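# Remarks on the overall topology
What follows is each chain in one-letter form.
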Amino acid sequence: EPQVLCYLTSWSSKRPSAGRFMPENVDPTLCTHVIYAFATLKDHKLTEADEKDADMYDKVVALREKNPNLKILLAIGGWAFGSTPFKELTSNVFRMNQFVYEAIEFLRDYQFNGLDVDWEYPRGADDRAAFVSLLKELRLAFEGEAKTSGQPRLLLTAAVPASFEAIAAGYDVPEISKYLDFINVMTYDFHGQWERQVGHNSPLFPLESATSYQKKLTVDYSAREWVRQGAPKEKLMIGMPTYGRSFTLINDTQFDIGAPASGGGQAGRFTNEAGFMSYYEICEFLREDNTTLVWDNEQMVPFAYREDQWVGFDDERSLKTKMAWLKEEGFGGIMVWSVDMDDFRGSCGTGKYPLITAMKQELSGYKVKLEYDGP
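Numbers on residues come from counting from 1 along each chain's written sequence, not from the entry itself, and any residue without coordinates is not displayed. Hydrogens and water molecules were not included; the side-chain quantities draw on all heavy atoms of the structure.

Going by the annotation in the PDB entry, the name recorded for the protein is Chitinase, with Ostrinia furnacalis given as the source organism. Its official PDB title, as written in the record, is "Crystal structure of a insect group III chitinase (CAD2) from Ostrinia furnacalis".

Structure follows, in structure tokens:
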């Protein structure tokens, strides 16, 4: 029973031509859960972010009609949303409780299977306690509802950071682990266009020559840090990105990890953000002339460069390798960011959804079992 939780970004519907992604585009057999991001808070209540969203919620749910075991969740928060609304949400019990009772009604009305909470990020003791009370109250009310109610309990999940420093600052790990059904660790964005050296978005292992700090910026170390802090392995869903992060090189002849960079790489035609590329945009980049693909055998991920453009990403081989690591460590499953950025049209020349397919096939047969795993 390894789980596969796939994020669906609302704004993917706004991309041009082939990029355009709609709930209909979702293969309902790929993922065990689809998490729709993001709803918002208005007057401290769970509400639809845009008036056009309600029809989208309807479309995402009802994927179910095509796979009745598929769970559909709604996410609130995200990076843009910030910390202040969550702080104000949890500032008093009545607001908090009323948010809780209405969220349940909101969710039951749309027939969602549960709520994903993405506070980015709690920081400091007051936030730490507030995040715990919020999760504690959602969880208990979800249960209480299932009993005073008819059906199966609403699911509760949260996206959490990979940075070991963010973990200490924001997360009472053992406490949140009691209330969450799934802990979705964001094991990506380790490097990017905010830095002035080239580095990979989501390296599995570090370079042997890495500084003790750079060694921590990896999928492997992050996931292990979550375990070390008390997260139950069966609830830990390790984040898998279907995008890459790109750089403009200072010097075309310097293209190795650590090479000087002036900023992000040229935007992809569909995601329109320098420094960022969806997987189908990567494939386009790779078929340009003279683009050299490299396999980093220490980090265990690919990257590619052509003239002053450099991109670090995940492909079939790196994701499969990650699944092998995953099973060996014994984690409960994966989280995918995001389903709309995998090559859902099969324009890379392999199949449709080649990234998620590759992970799914490599996960076939895996059963998660807890056992003593040393310190």
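### Some thoughts on the state of the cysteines
To be explicit about the condition: We call a pair of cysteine sulfur atoms a disulfide when they lie within 2.5 Å. Numbered from the N terminus, helices here are DSSP runs of H or I no shorter than four residues, and strands are runs of E no shorter than two. Only protein chains enter the accessibility calculation, which uses a 1.4 Å probe. A residue is then buried if its area is under 20% of the maximum for its type, exposed if over 50%, and partly exposed in between.
By the definition in use, this model includes 2 disulfides. Here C6 connects covalently by a disulfide to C31, the sulfurs 2.0 Å from one another. Looking down the S-S bond of the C6 and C31 bridge, the torsion is -85°, so its handedness is left-handed. With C6 in strand β1 (residues 3-9) and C31 in the loop between β1 and β2 (33-41), the pair connects residues that are 25 residues apart, well separated along the chain. Exposure remark for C6: the relative accessible area of 0% places this residue in the buried category. The residue that forms a disulfide with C283 is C348, at a sulfur-sulfur distance of 2.0 Å. When the S-S torsion is 100°, as for the bridge of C283 with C348, the disulfide is right-handed.

### A few points about the pairing of strand β14 (residues 309-312)
Consecutive side chains of a regular strand alternate in pointing toward one face of the sheet and then the other. Threshold: Whether two strands pair depends on DSSP finding at least two bridges between them.
Burial along β14 is two-sided: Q309 and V311 facing one way and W310 and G312 facing the other are all buried. Direction of pairing for strand β9 (residues 243-249) relative to β14: antiparallel, over a ladder of 4 bridges. By the bridge assignment for β14, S246 is matched with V311. The antiparallel hairpin formed by strand β13 (residues 301-306) and β14 contains 2 residues in its connecting segment, where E307 sits at a positive phi of about 60°.

### Things to note about the pattern of salt bridges
The condition that has to hold: Definition used for salt bridges: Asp or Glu carboxyl oxygen within 4 Å of a side-chain nitrogen of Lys or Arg.
Counted under the stated rule, the structure contains 17 salt bridges. Measuring nitrogen to oxygen at the nearest pair gives 2.8 Å for the salt bridge that ties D189 to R245. Of this pair, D189 sits in the loop between β7 (182-186) and α7 (219-228) while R245 sits in strand β9, placing them 56 residues apart in sequence. By relative accessible area, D189 is classed as partly exposed at 31%. One salt bridge in this structure joins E288 and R306, with 3.5 Å as the shortest N-O distance. Of this pair, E288 sits in the loop between α8 (279-286) and β12 (292-296) while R306 sits in strand β13, and the two are 18 residues apart along the sequence. Look at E288 and you get partly exposed, because its relative accessible area is 40%. Among the residues examined, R306 registers a relative accessible area of 21% and is labelled partly exposed.

### Here we look at the side chain of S177
Our working rule: In the analysis that follows, any N or O atom pair within 3.5 Å is treated as a polar contact, provided that within protein one partner can donate a hydrogen and the other can accept it, and provided that, for residues neighboring in sequence, both atoms belong to side chains. Contact definition: two residues touch when any of their heavy atoms are within 4.5 Å.
Inspection of the secondary structure puts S177 in helix α6 (residues 173-179). A polar atom in the side chain of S177 sits 2.9 Å from the backbone oxygen of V173. When sequence neighbours within four positions are dropped, the list of residues in contact with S177 reads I183, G230, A231, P232 and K235.

### Regarding the environment of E362
The residue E362 is located in helix α10 (residues 354-363) in this model. A relative accessible area of 25% means that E362 is categorised as partly exposed. Sequence separation of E362 and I282 is 80 residues, and the distance between their C-alpha atoms is 22 Å. When near neighbours in sequence (up to four residues on either side) are disregarded, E362 contacts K320, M323 and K327.

### So, the packing of aromatic side chains
Basically, it comes down to this: In this analysis, rings of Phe, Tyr and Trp, with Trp reduced to its six-membered ring, are considered paired at centre separations within 6.5 Å, and the interplanar angle assigns stacked below 30 degrees, edge-to-face beyond 60, and tilted for intermediate values.
What the rule picks out here adds up to 27 aromatic pairs. Plain terms: the ring middles of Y36 and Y57 are 5.7 Å apart, the flat faces sit at 75° to each other, and that makes the pair edge-to-face. Within this pair, whereas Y36 is found in strand β2, its partner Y57 is found in helix α1 (residues 53-60), the two being separated by 21 residues in sequence. Each member of the pair, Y36 as well as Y57, carries the same accessibility label: buried.

### Brief notes about the packing of helix α3 (residues 93-110) against helix α4 (residues 125-148)
For the record, the criterion: Here an axis means a line fitted to C-alpha atoms, over the contact stretch when the element is a helix, while the angle between two N-to-C directions is reported on a 0 to 180 degree scale. Roughly parallel here means an angle under 35 degrees, roughly antiparallel means over 145, roughly perpendicular means 65 to 115, and every remaining angle is called oblique. For any pair of crossing helices, the crossing counts as left-handed if the nearer helix is rotated counterclockwise from the farther one by less than a right angle, and right-handed if it is rotated clockwise. Amino acid classes used here: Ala, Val, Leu, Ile, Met, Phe, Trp, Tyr, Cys and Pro are nonpolar; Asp, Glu, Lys and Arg are charged; the rest, including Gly, are polar.
For the pair α3 and α4, the least separation of the axes is 10 Å and the interaxial angle reads 50°. Considered as vectors, α3 and α4 are oriented oblique to each other. For the pair α3 and α4, the crossing hand works out as right-handed. For the pair formed by α3 and α4, the contact residues are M96, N97, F99, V100, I104, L107 and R108 on the first element and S133, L134, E137, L138, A141, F142 and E145 on the second. Along the lines of polarity and charge, the residues of the contact of α3 with α4 split into 9 nonpolar, 2 polar and 3 charged.

### Focus on the pairing of strand β5 (residues 114-118)
What counts is decided by this rule: Orient the strands so they point away from the viewer, and a crossover whose first-strand-to-second-strand path over the helix runs clockwise is right-handed.
The buried count for β5 comes to 5 of 5 residues, which makes it a mostly enclosed element. Summarising the sheet, strand β4 (residues 71-77) and β5 pair through 5 bridges and their orientation is parallel. Residue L73 lies in a different strand from β5, and its bridge partner there is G114. Taken together, the 4 bridges between β5 and strand β6 (residues 155-161) define a ladder with parallel strand orientation. Its bridge partner being in β6, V117 is matched across the sheet by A158. Each parallel crossover has a hand, and for β5 linked through α4 to β6 it is right-handed.

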